Amino acid sequence: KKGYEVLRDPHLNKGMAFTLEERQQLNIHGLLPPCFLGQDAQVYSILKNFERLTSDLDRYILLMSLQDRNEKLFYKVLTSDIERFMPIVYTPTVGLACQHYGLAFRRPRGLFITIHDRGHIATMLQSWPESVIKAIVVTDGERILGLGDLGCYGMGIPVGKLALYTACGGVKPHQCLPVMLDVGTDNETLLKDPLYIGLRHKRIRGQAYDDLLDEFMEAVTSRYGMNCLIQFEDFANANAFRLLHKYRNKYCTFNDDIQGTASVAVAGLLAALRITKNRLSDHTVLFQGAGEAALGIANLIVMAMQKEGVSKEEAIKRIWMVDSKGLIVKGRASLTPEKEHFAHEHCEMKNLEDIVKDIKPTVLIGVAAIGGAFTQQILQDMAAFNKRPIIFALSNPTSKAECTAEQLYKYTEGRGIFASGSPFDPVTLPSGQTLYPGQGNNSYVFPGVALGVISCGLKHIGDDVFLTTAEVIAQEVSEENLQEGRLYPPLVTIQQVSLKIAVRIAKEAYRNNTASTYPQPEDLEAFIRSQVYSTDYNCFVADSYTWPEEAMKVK
Amino acid sequence: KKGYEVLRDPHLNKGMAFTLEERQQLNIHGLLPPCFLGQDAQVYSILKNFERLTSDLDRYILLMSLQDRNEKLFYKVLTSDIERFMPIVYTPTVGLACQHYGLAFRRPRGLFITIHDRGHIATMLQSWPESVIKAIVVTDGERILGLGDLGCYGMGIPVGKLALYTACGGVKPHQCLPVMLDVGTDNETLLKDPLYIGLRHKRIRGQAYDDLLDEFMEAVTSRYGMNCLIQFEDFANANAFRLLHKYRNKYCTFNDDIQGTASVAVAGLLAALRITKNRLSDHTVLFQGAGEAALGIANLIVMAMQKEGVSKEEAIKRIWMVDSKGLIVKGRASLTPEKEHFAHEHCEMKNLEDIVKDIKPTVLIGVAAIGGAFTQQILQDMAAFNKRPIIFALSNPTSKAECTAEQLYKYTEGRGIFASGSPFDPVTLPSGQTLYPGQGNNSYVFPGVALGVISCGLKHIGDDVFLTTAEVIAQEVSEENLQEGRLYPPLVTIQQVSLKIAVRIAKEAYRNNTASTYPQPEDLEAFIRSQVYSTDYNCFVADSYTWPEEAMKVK
Amino acid sequence: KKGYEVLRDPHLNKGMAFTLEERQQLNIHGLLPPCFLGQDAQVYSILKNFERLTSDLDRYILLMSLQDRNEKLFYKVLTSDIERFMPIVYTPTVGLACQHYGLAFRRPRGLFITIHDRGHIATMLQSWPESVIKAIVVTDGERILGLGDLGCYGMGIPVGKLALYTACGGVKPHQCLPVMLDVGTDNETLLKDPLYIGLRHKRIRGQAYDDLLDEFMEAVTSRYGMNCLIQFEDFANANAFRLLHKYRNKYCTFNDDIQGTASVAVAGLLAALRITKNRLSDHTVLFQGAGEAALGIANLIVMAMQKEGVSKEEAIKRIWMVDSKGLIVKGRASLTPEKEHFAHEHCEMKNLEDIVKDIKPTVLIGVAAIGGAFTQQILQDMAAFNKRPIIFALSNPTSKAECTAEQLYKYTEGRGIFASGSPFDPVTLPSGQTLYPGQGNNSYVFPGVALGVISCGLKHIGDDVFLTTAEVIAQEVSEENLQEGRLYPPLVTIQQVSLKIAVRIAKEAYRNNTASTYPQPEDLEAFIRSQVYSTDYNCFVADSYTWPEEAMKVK
Amino acid sequence: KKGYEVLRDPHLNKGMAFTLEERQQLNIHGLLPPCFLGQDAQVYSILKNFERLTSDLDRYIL
Ligand SMILES: NC(=O)c1ccc[n+]([C@@H]2O[C@H](COP(=O)([O-])OP(=O)(O)OC[C@H]3O[C@@H](n4cnc5c(N)ncnc54)[C@H](OP(=O)(O)O)[C@@H]3O)[C@@H](O)[C@H]2O)c1
Ligand SMILES: NC(=O)c1ccc[n+]([C@@H]2O[C@H](COP(=O)([O-])OP(=O)(O)OC[C@H]3O[C@@H](n4cnc5c(N)ncnc54)[C@H](OP(=O)(O)O)[C@@H]3O)[C@@H](O)[C@H]2O)c1
Ligand SMILES: NC(=O)c1ccc[n+]([C@@H]2O[C@H](COP(=O)([O-])OP(=O)(O)OC[C@H]3O[C@@H](n4cnc5c(N)ncnc54)[C@H](OP(=O)(O)O)[C@@H]3O)[C@@H](O)[C@H]2O)c1
Ligand SMILES: O=C([O-])C(=O)[O-]
Ligand SMILES: O=C([O-])C(=O)[O-]
Ligand SMILES: O=C([O-])C(=O)[O-]
Ligand SMILES: [Cl-]
Ligand SMILES: [Cl-]
Ligand SMILES: [Cl-]
Ligand SMILES: [Cl-]
Ligand SMILES: [Cl-]
Ligand SMILES: [Mn+2]
Ligand SMILES: [Mn+2]
Ligand SMILES: [Mn+2]
Ligand code: NA
Ligand code: NA
Ligand code: NA
Ligand code: NA
Ligand code: NA
């Protein structure tokens, strides 16, 4: 393609990086100022623009616009200082963006499918420029992080997730599709908000909702193929599980919040074991929350424990859960079949601190979006019953973190092992030792899992894929990392980590013959490495070459 | 047109204003959130976005992006509150933008022709999406406002002018082309500036430059037609004049800085006469500056006086000028033929205040871009020998204004009649009366002159056109306006004033047979009104309708 | 798509079959006369146009132009009377077309890859509008039917083959790509021909040629996938066999001339056995020719005989061949490894008639492109030592057929069982009985084999596929068919036969796990039927529908 | 503009008169046979096609 149409297509636009000869051939010479530069120069300019801003939202908006203008440059900047820009494009800033999505909105991104478009989804996929999609992150916006129902403002998440698909996983941008399934919203505040971009009516539930979802899945895989990876993100509890169970074995799909979190959670405990000097089956885990994350994580912990040689029954007995009504115990009221799995014989309790004192767990996991649930008392108690207690404040965004790295280390005398879903700066204990709290976030799992699935075309994703991936991650945590308090490999190495996760997933796929990409590559690492996205700009010059002169003569 | 490419075309893009039916027919249903809204709603969000910003530079980028995303919306927002947004799109903010163009740069706009493209201009015009252009604003960036040589960063100016072409004149945006002729820059600072977007070398002068200009004019008129309007803007002294004289009679062109300024300046004096209760031939004008603006304004003033009944010779004797070397007197050194035209018998002088006290003028016009040249002294002196002195601080941007509205009104005890190139807020005198200083800026002239020339196809623009336009503008100043201290009709009525300027120019054109649009309209006003740009969106639904039924049958 | 561009795209163009509403929405209303018609009406006008022509070459051109104008209409016409149009679009007219390709040329069709394009094939595949190709028919034009080296004029063959892919097989036209690999031509006549459209130089051979082919296969499968079907057609002997052997197990490819012909020839023998009332192992085959067709057929026959219980050695003993040097016997000079395979101990012989009298075969197959090789004497001899001799004049086009249907039936006194590569009209014997000579032509094999490979994605095509296909075809020959003298099912049922061929190929592909399309359909016949091409026009009206009214409300 | 779309537009289409370089830049190299001819060589082939016709209506259609 050519002309000014190129400058408006972010997948093609190189900006002033366009060569004098490229510009001339593309019929755009004169539409750009008379200066030519490389990505480094362009990155410089962006940083000057980023530096001068004075609000995270403004930084977000700046980057989102870059993403809408020059694809390569966007990712070049992202990967240039992942630790610096991820907090803007992903948690916690992405939640802030979703809260003001109507305000931050500029150019649309993604595919918005409505409950009112039932029976016409197949047609709408046509509207999407790309005809070859290999991955999709979808949400209905009912459980945006620990922020609740943000309706159509929730589109910010899929966009963020996919940003890492490329930035941290190497998955090509052009093959991914962020999707919003707006069936309404129960958030009264949004329904009254003048800037709200979604349907102004309560969420439609029941059979209608279910049929919408079936059509979506059927339509996507029909157009893009049965190998298309569908990643559910931030759906409400009930919907999340039923949908997973319903499609898990029918399509190539998985739920990030349920399975991706479990993977990273276990990856941290597996790593923590090298500090606590014991076996996972010697621990006693207590969850604040009993939803998607808790239930997903708890299940993976059990599989991990059985792998150690313990029985399924013994493993489940070491896992305790607390929901909005209190400690989940046998015979308690308001219990679900899934919760009943961890209902143990015990009197009922409501106060979290009393529960911590009673259960005396070795691992405290926070996944209930409850502010500073992990108070100094709770933290002190953990430091009291444990030589080195493991503390996981997983709720996102930052404002929902069960506790801070600072407080964790402060109230546990620097003996607590910490991890959180949202980023925290390093902490220098009184002893002068600087600890670097790790980020237990999906971000360590979904990019590699995607690179993997897409690479070998794994037909379906079993729970073993996440357990194995939890091991691959932990295997990348160095002794040096561990000594700094890191339960995960440094973020700057995320790409390398993703590759390994991808290669490992491929090896298993072919082994169990669940793969689809054939013939099988003689060297999987080499093959996947060659399938990864490249930050470099392509050359838009026509492929000119000469023929012998006799054969090229004009008659 | 078609699909997503529609959403990237600002001339077409309607954003969420596209109807469900339009989106479905345009193959973009799904690419936009599930909410449909009108322009009012769209303007609201834009304002909430403009409101939260905290820098003029930022507000500029905001609007500029808007213009790159939704044409109709952009202009709907500007005219919604011209007095509020013009300062952002035009003076003085536009000057600040030019100073930091490299930084503010996002998406390119306009046509950038280089000195190294000599012999290829014709082809480059093709790279421009539009093949039908009626107006063109060119600059080489050597004299950007009173900011000097800003090289390629000067592109911001033609874009500003054109913005007003539409917003103030009603000229259709799609038919206008902003152009930057980059032949280098002598600004050592820019040459070292890492963000500079132009050619990194001193300006090329001599015959190479002249050939480039001739080619440009030729290229532009051959492609777009002889009737194409070429507006020269912000060129250096020497070039501005010779280029104007060189193409004046050959093509449809004029120089905004020399002729447009002259027109508005005369319009103001004509209005002031109704406060000073005398005739223009009764005044004595003193110009701080003897450049493009000064010489142009002086020339029109002379014509205006002669039209009163005074002789050429007598008129000239009433104009005094001061340049970098001091008062322009007969037999002084460093004099140009143009300047020696106003060189009177008198002793040399350099001190401005002493010059004011010696010549004792009734009107003081500042056009030398000298900060606060009109000091307390000067202003007091003026209010001393003049019952009601006329003070014109025309230099731009604000930072160059010879003096402020507050200063003028205070140091002239409220008896001074003020006007300036850049905007100043209302002033409330100690007497309790609030004055609304007018803005003597080209903006009152070029929009209407363009509407006029384009509408009737006036082959060439003579000085009479600007004198007539000056009378037209003054004619629209009401007694009420005068009573408030306005030498110009309120800015909120600028569209109507442009209409009358256009209608007038048309009538003259047909009378003198210099028009080209035939047959001549019976009602010039009605004709022009129907030629004006509309801010309303068009409907993108296919024009569907039925034929009988026997004729519509399928055989 | 939209606009006049639609009318020029044969894959979209519906002609006057475009609905008024379609024309209005596609922006073509007014570009077509004021009448709307159905396909039947359109076919009628085509037939009127075909009727008035007076030459086969002109009928060819008419139909080729139809194909370049309206795709569906083209195939609608072909399938409306396959027995009438196939002889025009295929053998023998296609051979005539190729001989005058330069003269018949109008609009180009297919992909022309030259030997001078080595190292740039991948680039050239981009030039091709479709990015999703599933089948390709390639030729270098060195052995076009029995007409020899027709160089670039040979493009007519791949175009013809693919015409039947769709017409007889049901394969989608847009997913197929006809390719010509021009490396020159040794035909002195064409080099001198002023209308020749290929490279005017002797064919390039050796390593250069082999590298071009490797690059071709690599580029095609890299861009279109390893499952892309590559059908080699009309390559010279040496090149045909080595290319087949070299890529056979590496890509999804087969050689129509060697393998397709084998399949159809055995299909006919299988059917013939039901007339001769005996087993294949009871016959003695004699081939007039020892090349691509001869060796391929000979090979399939052997496999067929072994499946009856006979050993490989015993089977080979029943097959004799004659080449340009005469009867192929042990120790004979100028023999090939492949030929030596059938070199039996026997005295050398050169005269075909004498050879027939000596070997006394029960099956006479002609594949040497030798005019009327099967003389009256030979035909009489065959009817002398065989109650019911089986005569196959497989050489194409008709002017190369070993003998005519009339001649065969006349000189065998109506006892000879006939079949030919090119069509012959029914024959009414003196007894009054009318026989319908069958057509033993690849056309019975490649369409169905293609529909099958493409459908289930069979990685590689082994000879078993052709042997089973032969059985599938013979299975479709009814008792009635046989009684009329038909060795193959009637042409009018070819689409039904192809389907059966495909469903069987699929079944075995999944059984042997050599398929690629997964999950496997529960009903293969139903799946494949749903994938077949539809001759009906699509509806180009936008998918319009409404949402509730509150959700459609414009703010 | 470019691509096979150019071959279909009679105002732009040059047939085999398109140069090797033109074809490569227009993204149509390969859509035309490996032969380059001038207008007169093209006229010649038109005349041969005209000559063999035997009806004015056919010559009209050609
Ligand atoms: N990688 C990561 O770091 C990651 C990944 C996914 C999710 N998360 C975070 O985890 C949080 C929840 O996600 P989810 O998917 O698990 O949501 P969910 O399914 O809604 O689960 C939330 C749970 O918290 C419980 N809860 C509410 N108030 C409580 C209270 N006062 N005391 C104890 N428990 C209480 C709820 O109880 P009931 O059962 O009574 O309703 C519910 O079971 C979010 O903030 C999210 O951002 C982090
Ligand atoms: N509509 C409007 O409000 C409008 C329109 C056009 C221009 N302007 C303003 O007018 C200003 C100049 O524009 P221009 O085109 O006339 O520029 P120009 O051609 O550069 O002329 C500037 C003149 O000022 C003289 N000068 C410089 N310093 C002086 C000093 N210290 N004391 C006395 N005279 C001095 C120069 O003298 P020499 O000849 O000796 O060098 C020169 O004649 C700009 O700031 C611009 O913003 C306003
Ligand atoms: N589906 C169909 O019905 C179908 C498909 C493919 C081909 N065919 C036809 O089969 C014929 C041959 O094609 P091919 O691909 O097999 O070509 P090929 O590989 O060149 O084989 C031709 C063979 O005929 C031999 N020959 C030449 N003159 C002979 C003569 N006077 N007496 C006996 N044998 C002679 C040649 O012998 P040497 O080796 O000594 O040179 C050669 O072995 C063509 O006319 C073609 O149209 C029909
Ligand atoms: O749900 C979340 O909070 C996440 O995935 O980071
Ligand atoms: O030059 C200027 O400042 C203008 O034209 O307003
Ligand atoms: O080459 C041939 O003769 C054929 O394919 O039928
Ligand atoms: Cl850039
Ligand atoms: Cl013919
Ligand atoms: Cl012949
Ligand atoms: Cl038949
Ligand atoms: Cl139809
Ligand atoms: Mn999530
Ligand atoms: Mn200016
Ligand atoms: Mn063939
Ligand atoms: Na006919
Ligand atoms: Na053809
Ligand atoms: Na193989
Ligand atoms: Na033999
Ligand atoms: Na041609």
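Each chain gets a letter, A, B and so on, in the order the sequences are listed, and its residues count up from 1.
Of the listed residues (B/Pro194, B/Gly102, B/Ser127), the greatest number of heavy-atom pairs within a distance under 4.5 Å of chain A belongs to B/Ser127. Contacts with chain B were tallied for A/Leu195, A/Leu32, A/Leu125; A/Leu32 has the most, counting heavy-atom pairs under 4.5 Å. The choice from B/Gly198, B/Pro34, B/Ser65, B/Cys152 that makes the most heavy-atom pairs within less than 4.5 Å of chain A is B/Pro34. Between chain B and the residues A/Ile46, A/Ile61, A/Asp182, A/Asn49, the largest count of heavy-atom pairs under 4.5 Å involves A/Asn49. With chain B as partner, the option from A/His120, A/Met180, A/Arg69 having the largest number of non-hydrogen pairs under 4.5 angstrom is A/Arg69. Options B/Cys35, B/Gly3, B/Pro33 differ in how many heavy-atom pairs under 4.5 Å they form with chain A, and the most are formed by B/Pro33.
Annotation: side chain of A/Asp149 is not in contact with side chain of A/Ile144 (no heavy-atom distance under 4.5 Å). In this structure, the side chains of A/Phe216 and A/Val179 come closer than 4.5 Å at one or more pairs of heavy atoms.
For B/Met155, no part lies near chain A; criterion is any non-hydrogen pair under 4.5 Å. Residue A/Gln126 does not touch chain B at all, counting heavy-atom pairs closer than 4.5 Å. Contact annotation for B/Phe36: neither backbone nor side-chain heavy atoms come within less than 4.5 Å of a heavy atom of chain A. Neither the backbone nor the side chain of A/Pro178 comes within contact range of chain B, judged by heavy atoms closer than 4.5 Å. For A/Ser55, the part lying under 4.5 angstrom from a heavy atom of chain B is the side chain only.
Heavy-atom neighbours of chain A within the stretch residues 20-31 of chain B, taken at a separation under 4.5 angstrom, comprise B/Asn27, B/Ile28, B/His29, B/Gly30, B/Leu31. The contact list for residues 104-118 of chain A toward chain B, using heavy atoms and a distance under 4.5 Å, reads A/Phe105, A/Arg106, A/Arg107, A/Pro108, A/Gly110, A/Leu111, A/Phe112, A/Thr114, A/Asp117 by residue number.
Side chain to side chain, B/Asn70 and B/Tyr537 meet the donor-acceptor criterion of an N or O pair below 3.5 Å. Side-chain contact, B/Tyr153 with B/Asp193: a donor N or O sits under 3.5 Å from an acceptor N or O. Of the N and O atoms on the side chains of B/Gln39 and B/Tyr44, not one donor lies less than 3.5 Å from an acceptor on the other residue. Under the 3.5 Å distance criterion, with hydrogens and angles disregarded, no donor-acceptor pair is assigned to the side chains of B/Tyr4 and A/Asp9.
Side-chain atoms of B/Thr139 come within 3.5 Å of backbone atoms of B/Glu233 as a donor-acceptor pair (strictly under, hydrogens ignored).
Counting non-hydrogen atoms of other residues, nucleotides and ligands closer than 6.0 Å to NZ of A/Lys202 gives a total above 12.
Under the side chain to side chain contact (heavy atoms under 4.5 Å, CB included) test applied with A/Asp234, the options A/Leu150, A/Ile157, A/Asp140 reduce to a single match, A/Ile157. Just one of A/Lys72, A/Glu71, A/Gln67, A/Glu130 meets the side chain to side chain contact (heavy atoms under 4.5 Å, CB included) condition when paired with A/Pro173; it is A/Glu71.
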Decide yes or no on side chain to side chain donor-acceptor pair (under 3.5 Å) for B/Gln175 and B/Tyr224, but give the supporting numbers first. CA-CA 10 Å; B/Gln175 307 191 301; B/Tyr224 307 137; over 6 Å; no
Please lay out, stage by stage, how A/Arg205 and A/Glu142 fare under the test salt bridge (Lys or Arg N to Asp or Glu O under 4.0 Å). CA-CA 12 Å; A/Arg205 305 180 145 76; A/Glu142 214 184 324; 3.3 Å; yes
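Using bins of under 30°, 30° to 60° and over 60° for the plane-to-plane angle, the ring pair A/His174/A/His11 lands in the parallel bin.
Using a cut-off of 4.0 Å between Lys/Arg side-chain N and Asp/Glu carboxylate O, B/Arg223 and B/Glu218 are scored as not salt-bridged. Ion pairing of B/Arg52 with A/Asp58 is present here, as a side-chain N (NZ or NE/NH1/NH2) and a carboxylate O approach within less than 4.0 Å.
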